[PDB]
């Protein structure tokens, strides 16, 4: 999941749970390093919101539910494969590591946080991760300021392709979005970040918002989409650069691949 997938996931939770009531406990699958979720209620509603590469769930007891519960918040990161699914209670799609169960009036479902590689995390406390910058989709102006007020930061000495993954200033931008963003403007991926940003103080900071936004409007599951699935053709078809034939690719300093076209830029690995 990148920012758009986080957003689509939060909006899926909100749509798919609009008319559901949950009940019972919050069940974490075995070998679940992540913490148990201490929360029981006989009738609760679930909602979500996204920020950057994080997603917040809110568990909200209906009036009169038992045990007494104050609404609880949980914040998820998706790692390389996190996702959410609403499934029939007994047709659990492994490796569903956290499970929320509908309550009886109706067919029994489980909302699951499904994470094959188990790189995802959650933490108790509905708090955004300290240090993540603002959301490039939902807090653009803040996002933009937090970049321009901070170019002295040594994060900006790095190639622009690397700086774009720094979640302290580009919360939500991942590996496919960085290629697509840089490609739209033909900025070499290994130009220096500060040089490309100081020019501002659509440009690069605007495309950091509207590019991931385009993916959200495709709807569907974005990068998460499955072959042959209908939203997977959409996504593949939207990509112009990331993994496309006729593009170059190189390894950045952390071993992540940056796709691009043409000039690799001054700071390339050589």
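Residue numbers count along the first chain shown, from 1.
Q: Hey, how big is the hole between residue 201 and residue 202 in terms of deposited residues without coordinates: none, 1 to 3, 4 to 9, or 10 or more?
A: Missing residues, residue 201 to residue 202: 10 or more.
Q: If you take the mean CA temperature factor per stretch, which one wins between 238-246 and 47-55?
A: Between 47-55 and 238-246, it is 238-246.
Q: Given the B-factors recorded for C-alpha atoms, which segment has the greater mean, 160-168 or 123-131?
A: So the stretch with the higher mean C-alpha B-factor is 123-131.
Q: Tell me, please, which of 211, 218, 205, 62 has the highest C-alpha B factor according to the deposited entry?
A: Within the set 211, 218, 205, 62, 218 shows the top C-alpha B-factor.
Q: Looking at the temperature factor on the CA atom of residue 144, which third of the chain's modelled residues does it land in?
A: Answer is lowest: the recorded C-alpha B-factor places it there.
Q: Taking the chain's C-alpha temperature factors as the reference, tell me which third residue 2 falls into: lowest, middle or highest.
A: Middle third - that is where residue 2 ends up once the chain's C-alpha B-factors are sorted.
Q: What third of its chain, lowest, middle or highest, does the C-alpha temperature factor of residue 14 fall into?
A: Lowest third of the chain for residue 14's C-alpha B-factor.
Q: Compared with the other modelled residues in the chain, in which third is the CA B-factor of residue 258?
A: CA B-factor rank for residue 258: middle third.
Q: Test of reading the entry: by CA B factor among the chain's modelled residues, which third contains residue 192?
A: Highest third, going by the recorded CA B-factors of the chain.
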